[PDB]
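# Examination of the molecular architecture
Listed below, chain by chain, are the residues.
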Amino acid sequence: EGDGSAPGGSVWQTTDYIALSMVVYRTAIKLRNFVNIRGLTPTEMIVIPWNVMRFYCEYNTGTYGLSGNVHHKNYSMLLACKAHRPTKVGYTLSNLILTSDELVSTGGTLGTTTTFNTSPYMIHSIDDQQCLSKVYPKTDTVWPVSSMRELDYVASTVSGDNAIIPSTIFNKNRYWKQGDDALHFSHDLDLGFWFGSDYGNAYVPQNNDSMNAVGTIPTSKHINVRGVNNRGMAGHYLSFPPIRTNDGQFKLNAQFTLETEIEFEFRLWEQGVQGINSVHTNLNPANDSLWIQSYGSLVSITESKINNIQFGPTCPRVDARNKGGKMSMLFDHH
Amino acid sequence: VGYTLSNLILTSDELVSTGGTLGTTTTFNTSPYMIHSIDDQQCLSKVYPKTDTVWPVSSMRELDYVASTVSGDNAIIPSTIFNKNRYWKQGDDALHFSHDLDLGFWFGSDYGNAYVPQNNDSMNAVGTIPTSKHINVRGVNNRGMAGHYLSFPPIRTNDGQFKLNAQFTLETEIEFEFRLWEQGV
Amino acid sequence: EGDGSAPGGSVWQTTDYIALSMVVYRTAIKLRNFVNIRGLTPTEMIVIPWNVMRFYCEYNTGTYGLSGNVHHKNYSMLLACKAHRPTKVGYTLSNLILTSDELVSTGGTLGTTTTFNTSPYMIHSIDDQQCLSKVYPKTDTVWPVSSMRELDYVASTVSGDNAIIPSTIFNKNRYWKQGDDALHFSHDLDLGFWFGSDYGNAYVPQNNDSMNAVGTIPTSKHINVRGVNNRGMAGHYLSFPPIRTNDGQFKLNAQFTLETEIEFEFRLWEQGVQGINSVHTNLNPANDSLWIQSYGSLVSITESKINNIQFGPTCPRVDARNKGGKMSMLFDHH
Amino acid sequence: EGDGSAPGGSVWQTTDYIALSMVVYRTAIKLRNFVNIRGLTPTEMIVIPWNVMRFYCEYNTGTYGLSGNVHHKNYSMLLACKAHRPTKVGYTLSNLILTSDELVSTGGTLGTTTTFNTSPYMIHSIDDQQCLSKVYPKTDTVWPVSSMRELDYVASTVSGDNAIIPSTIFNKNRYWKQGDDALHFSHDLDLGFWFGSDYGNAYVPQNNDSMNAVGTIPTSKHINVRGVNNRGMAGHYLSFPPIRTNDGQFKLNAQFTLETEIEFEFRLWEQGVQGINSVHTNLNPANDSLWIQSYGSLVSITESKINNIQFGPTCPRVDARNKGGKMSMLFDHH
Ligand SMILES: [Ca+2]
Ligand SMILES: [Ca+2]
Ligand SMILES: [Ca+2]
């Protein structure tokens, strides 16, 4: 009888500190942008940097990326809590506006204007078969990270002597016209672990031939969280259909709104004296390293400029038993 | 109180040049749109005219009032910060906006360039300073109106930005209750 | 038909940024402590600093309070999110151990030991009628804030010529013996508003004769959140029954465990470009001041030492229509 | 098992001192009077001082008001208990007797006598629309407070050049004849608070344009009981219909009995040592000021004589949501 505080019977025991340390809180970062794609020939193609973490949670448009600390403030506090995990990520292309430079000439006096009819389209390509494993900027151009969210990144897909029309090689190609419904693209992440640091121009976690989701080198004589199972994202791209003119190719320009959303889960500090700031340094659990794992693989950045983008999708020809849910396993290292 | 935007007509100055001989005309296709923004989160608390321009009150109902929303070094695209953004094209149904006022009191004077009554961080609905040693009607509860705005999507051209011009009809309606004088002598 | 993106019909409109800014996340800070109450005569009384915010979320025991930044780490991040609110607050006294100095003498050779039988008790007093509005330390002693959670704060309640036995004036007096069940005390806060700053040795919000829950001076020609309705906390106290001896009073010493819990709600940053760090300074809503309100009333602290503690409970003789749930109202100031 | 006094289990706790401090005791003061209204022309009008507290609980008639301490003894002890509240208040006019001076002349030999037939009447006017906000005595006369309960107070309601017949402007006008049933008038007070002092020629509590129910100036940095909602009393009046004669106006004189009743609630002292006379001075709760509030607004008295009477009724054109029950709210002051 009683709560146990009596001399005999059951032991009075203190309240549970786990329950509040395991509660998963779930937030998101939503951002809108206007994208203007101009002067894109049918060979060259816009690379959607949609597999890089910085695309969703940091707003790089125009002058913003030049100014400092453009991260969304929900993300700045995800570094205040002890663990965060990116979970689902996605974006939306909406309200396409095509314009034409066909009336434009060096003499001027006539500017670009929307296409005379709505038959033209912009091709949204998803490369499932990974025709392009690794994508580089065009010879003259370069990819700024400050420019990331307005989609200027132009790749020229070229065989040895052959200029590749991107829509022809890629698997899913959506021909998206003026008036069509918005194009919604999403990726679900199921991670068995959490991140304690900032992404820092890392790809949003993927398990692929190109990259793995967990970023820490596992170390000897204990168990470490290890990536497994091949979850990855398909290399999205934007291109225009080749249309021949009296001279060269038809000039198609596109506008659309870019709505990106990344949904973070985060988790808070240990209850009790363990969570006191002064004593948490040396009372921090050493098994954080077990479930808290940093970021796996970084985009290649020299200066502020992206060197290349790797995609590596969950390829359909991997055994379906490998392609399943959980992206990490807790496995030892000798 | 409320208003309606209806029968949008977009035109383009793209064919217009200083040499002339070609005037503006309706957009070649109906894909362009005018963005109607309602700021729910109050990104903009207080709005000022552009540096060169000014806002006449005599001009109020034809909507010329132009604000330039700018961060420190950053020019803000209005549609990106605001909460509800309607992209309203040619042929779309009219846009109806309304605000219901529930006041516990009445007004005896003219509004006289007053905001239609609101309870907010910026303003309160009742205008008289209450005075000592008795009971006075006091604003309460935060009823306010969202900062509606109109803007066009950025569209790059060979030079600068695409020139979008808009026409629409503005139907406003304000519904007054009124009350008459005391009976008797 | 469609999502609205077509030329005619309904307006395609962007995603809602409110839903994620209104989501209320709910955490707590739990801390345990051992309290040793010694040399407390029947006139003097231990003041439970249970109505001060710093009691629950900052751990002041022994050497900890001398060391820097002893706040719990869940609270340090409540300053990272834009709004937090304290909601429920409470504490538990458990596993009482009484000891006696009766065998102790200046000659020594015999130390204190647990009471020969379990008949003695420690009195837990809740002052409902507010016999003591404002409580001061004893003439010689002083109340450190670094000492807060181990309960050393001793008040001597005295009439003009009369030494008050605390248990006699106070309303609820629990005589709590060795083996009795733990004593659980809780206070629910219903606030209509949120806090954007640190409590900073503020009383956990109360509406009373002594103090109000909202801390900002309201300013002219607009509406401001105003405290209302008298929610307050009863002045908890600890004392021992007077027991006469051959010389003076029986020496009762007490041990018990102090488990405090404070449950915070918090709320995150605005979605969209409004929530970008660089532009959030000047795009911060000016109506934050409407629902975000700081801390109302501070304990009186000179140096590190508490000058006095005010209690001000929700008194039972206030009309029950005043005593109800919501602690704030949004009311204008002229 | 047991009452808790055992070593283990539940805490034996002392009896509740709230229950007896919250018990509301309810009394009343009833007084009868004979009113003689003579020489009242149709322009001038009797002001019923029925909204002043002293009307009901202090008996001012003839020589009584000249003698000292004419308060009813139930009221003298309402100052012995710690709190009292006026609640309902009302009065009755009964058994009207009209007489005529028409047969009276300066030569005499014929005195006044009851009207030849019962057709004449005395007009009881209730001003709902507040035609008269503030009422003054006639130029020559003055209003003694010692004369209050026999109704001599004569106002002359006059426009700029126009003598107002009172019955014409006022809303409810009862033409009350000889033999008509008694006229009963009542006002219910719902206060959220109590009074600790004497009324002291205060209006019985009202919330109006002219006056408020709570009399203490609220003070900084805590919560204070504040009047709210517009409960007030209509300016009752007595007048006679204009009846022209061969010379001037018909002389109507009235008698009736005035039965007034005021129903007080009162509340007693704190139980326990807190309620001991010697220690109650410094153990008095400081939150009395929260629910104990004095008197709001005073009639204007120079010497013993009333300067003016303010009425301020619950006007019907205030929103019905404002006009509801509770006359006070517990609201903070910064
Ligand atoms: Ca046990
Ligand atoms: Ca449409
Ligand atoms: Ca027991």
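Definitions and limits used
- Residues numbered from 1 in each chain as written, not as in the entry; some residues may be left out.
- Chains lettered and ligands numbered in written order.
- Part of a larger assembly, values for the part shown.
- Heavy atoms only, no water.
- Helix = DSSP H or I, 4+ residues; strand = E, 2+ residues; numbered from the N terminus.
- Buried < 20%, exposed > 50% of the residue type's maximum accessible area, 1.4 Å probe, protein only.
- Contact = heavy atoms within 4.5 Å.
- Areas by Shrake-Rupley, 256 points an atom, 1.4 Å probe, with all protein chains shown as cover.
- 1 Å grid on protein atoms, 1.4 Å probe; cavity = no way out; pocket = protein on both sides within 12 Å on 5 of 7 lines; lining within 4 Å.
- Points joined across faces, edges and corners; volume = space filled by probe spheres on them.
- Nonpolar A, V, L, I, M, F, W, Y, C, P; charged D, E, K, R; others polar.
- Pairing = 2+ DSSP bridges.
- Donors = N, O, S within 2.8 Å, 3.2 Å for Na, K, Ca; no water.
- Buried area = accessible area lost by both parts, 1.4 Å probe.
- Core = buried A, V, L, I, M, F, W, Y, C linked by side-chain atoms within 4.5 Å.
- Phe/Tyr/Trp six-rings, centres within 6.5 Å; stacked < 30°, edge-to-face > 60°.
- Patch = residues over 30% accessible without salt bridge, like charges linked within 9 Å, V, L, I, M, F, W, Y side chains within 5 Å.
- Salt bridge = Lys/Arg side-chain N within 4 Å of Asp/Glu carboxyl O.

Within the PDB entry, the label attached to chain A reads Penaeus monodon metallodensovirus major capsid protein, and the organism entered is Penaeus monodon metallodensovirus.

With the PDB entry as reference, chain B is termed Penaeus monodon metallodensovirus major capsid protein, source organism Penaeus monodon metallodensovirus.

### Things to note about the overall build of chain A
Across its full length, chain A carries six helices and 17 strands. For chain A, the spread of C-alpha atoms along the principal axes amounts to about 100 × 40 × 40 Å. By residue count, 55% of the 334 residues in chain A fall in the buried class. Partitioning the contacts of chain A with sequence separation of at least 6, the portion at a separation of at least 24 is 84%. By element, 50% of the accessible surface of chain A is carried by carbon and sulfur atoms, the whole surface being about 13,800 Å².

### Structural notes on empty space enclosed by the protein
Applying the stated criterion across every chain yields a total of one cavity of 30 Å³ or more. Here the largest cavity is characterised by a volume of approximately 40 Å³. In this structure, the largest cavity is lined by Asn36, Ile37, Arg38, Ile97, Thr99, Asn253, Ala254 and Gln255 of chain A together with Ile155 and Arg156 of chain B. Among the elements that take part in the lining of the largest cavity, strand β14 (residues 252–267) of chain A stands out by supplying three residues, more than any other. Counted by class, the lining of the largest cavity contains four nonpolar, four polar and two charged residues.

### What to know about the sheet that holds strand β1 (residues 12–13) of chain C
In spatial order, the strands read β6(B)-β3(B)-β4(B)-β1(C); together these four strands make up an open sheet with antiparallel pairing. If you trace the sheet from one side to the other, it starts and ends with β6 (147–151) of chain B together with β1 of chain C, each paired once. Both strand β3 (residues 33–39) of chain B and β6 of chain B contribute to a ladder of five bridges, which runs antiparallel. Within β6 of chain B, the residue paired with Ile38 of chain B across the bridge is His148 of chain B.

### Considerations on the coordination of the calcium ion (ligand 1)
Within the protein, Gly4 of chain A (O), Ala6 of chain A (O), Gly8 of chain A (O) and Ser10 of chain A (O) serve as the donor atoms for the calcium ion (ligand 1), at 2.6 to 2.8 Å. One chain supplies every donor to the calcium ion (ligand 1), and in sequence these donors are spaced G-x1-A-x1-G-x1-S.

### A closer look at the interface of chain A and chain C
Counting residues at the interface gives 54 residues for chain A and 54 residues for chain C. At the boundary of chain A with chain C, total buried surface from both sides reaches about 4,600 Å², with 55% on carbon and sulfur atoms. Considering only the side of chain A, the residues that lose the most area to chain C are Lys30, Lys73 and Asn277 of chain A, jointly responsible for 15% of the buried surface there. Counting residues per element, the ones that place at least two in the side of chain A that touches chain C are β1 (24–37), α3 (73–78), β4 (89–100), β14 and α5 (277–283) of chain A. Here the side of chain A that touches chain C gets eight residues from one element, more than from any other, and that element is β1 of chain A. Partitioning the side of chain A that touches chain C into residue classes produces 22 nonpolar, 22 polar and 10 charged.

### Quick word on the nonpolar core
If you look at the biggest cluster of nonpolar residues, it comprises 171 residues, and the most contacted ones within it are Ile37, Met122 and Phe256 of chain A together with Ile37, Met122 and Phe256 of chain C. Counting residues in hydrophobic clusters, the runner-up holds 81 residues, among them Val35, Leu40, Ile164 and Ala234 of chain D.

### Side note on the packing of aromatic side chains
Evaluation of the coordinates by the stated rule reveals 65 aromatic pairs over all chains. Consider the rings of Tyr59 of chain A and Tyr64 of chain A, whose centres lie 4.9 Å apart with planes at 80°: the pair is edge-to-face. Neither residue differs from the other here; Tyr59 of chain A and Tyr64 of chain A are each classed as buried. Between the aromatic rings of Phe116 of chain A and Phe28 of chain B, the centroid separation amounts to 4.8 Å while the plane-to-plane angle is 70°, which identifies the pairing as edge-to-face. You can see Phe116 of chain A sitting in the loop between β5 (113–114) and β6 (121–127) and its partner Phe28 of chain B sitting in the loop between β2 (25–26) and β3, one on each of two chains. The exposed category is assigned to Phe116 of chain A, whose relative accessible area is 58%. The partly exposed category is assigned to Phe28 of chain B, whose relative accessible area is 28%. Through successive ring pairs, a cluster of aromatic residues spans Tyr75, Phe193, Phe195, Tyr199, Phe264 and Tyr295 of chain A.

### Some details on a nonpolar patch on the surface
A cluster of nonpolar side chains, namely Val57, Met60 and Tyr65 of chain B, defines an oily patch on the protein surface of about 290 Å² accessible area. The exposure class of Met60 of chain B is partly exposed, given its relative accessible area of 46%.

### Focus: the interface of chain A and chain B
Taken together, the contact pairs 28 residues of chain A with 33 residues of chain B. Per-residue buried area on chain A facing chain B is highest for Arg32, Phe34 and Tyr64 of chain A; these three make up 25% of the total on that side. No other element matches β4 of chain A, which puts five residues into the side of chain A that touches chain B. For the side of chain A that touches chain B, the per-class residue count stands at 10 nonpolar, 16 polar and two charged.

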